[PDB]
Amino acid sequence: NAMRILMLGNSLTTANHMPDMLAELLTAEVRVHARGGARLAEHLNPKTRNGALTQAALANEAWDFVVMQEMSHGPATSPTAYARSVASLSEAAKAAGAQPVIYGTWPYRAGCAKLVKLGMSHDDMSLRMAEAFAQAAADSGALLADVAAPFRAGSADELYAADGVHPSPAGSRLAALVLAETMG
């Protein structure tokens, strides 16, 4: 059977045709449940469009993997909400016979306006995000696609969009490659 991947996320997932890139890398069918500004908790709530879509997909279709991407500062600013969302979505994925995957994202670029507004240092965000993903991977048994690591190893001018939050096309390509490695 061809590999089938369900991705839950927001513009960090959909930007720069990243799902299409991942699909071509893995020769996979990729379904995306995303909206700008979405949080993972929506997928647990069938009253939302994402929740209804995700409930139906897990009830009606067959998946190899379910990729979970949280709102970009959520793991840092609402760590408990994040942890509970991943836990419950991971259990739902496993119950459906799919392997859950965390799309681990990156701290915002040091000095950027969105990080200034959060009142959080770059180091604090870096550590909070890393801790959140590590703990969620361990607790849930989800595979971690750690995109923060190569972001840190790489060039910030290359990998970030102007806002220091969203990925550039190169940053999206990097996320696709990391996700493909994780699921390959």
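We number the residues from 1 along the sequence you see.
> Per the entry, where is the mean C-alpha temperature factor higher: 121-129 or 149-157?
Per the PDB entry, the higher value belongs to 149-157.
> Which has higher Cα B-factors on average according to the PDB entry: 50-58 or 135-143?
Here the higher of the two C-alpha B-factor means belongs to 135-143.
> Which one, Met71, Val101, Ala96, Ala81, has the peak C-alpha temperature factor per the PDB entry?
Across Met71, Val101, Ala96, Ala81, the entry lists the biggest C-alpha B-factor for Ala96.
> Going by the CA temperature factor in the PDB record, which third of the chain does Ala23 belong to: lowest, middle or highest?
Within its chain, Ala23 is a middle-third residue by C-alpha B-factor, going by the deposited values.
> Could you place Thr13 in the lowest, middle or highest third of its chain by Cα temperature factor, using the values in the record?
Lowest third.
> Looking at the temperature factor on the CA atom of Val86, which third of the chain's modelled residues does it land in?
Lowest third - that is where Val86 ends up once the chain's C-alpha B-factors are sorted.
> Grab the CA temperature factor for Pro107 from the record and place it in the lowest, middle or highest third of its chain.
Lowest third.
> Within this chain's modelled residues, let me know which third the CA B factor of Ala38 belongs to: lowest, middle or highest.
CA B-factor rank for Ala38: highest third.
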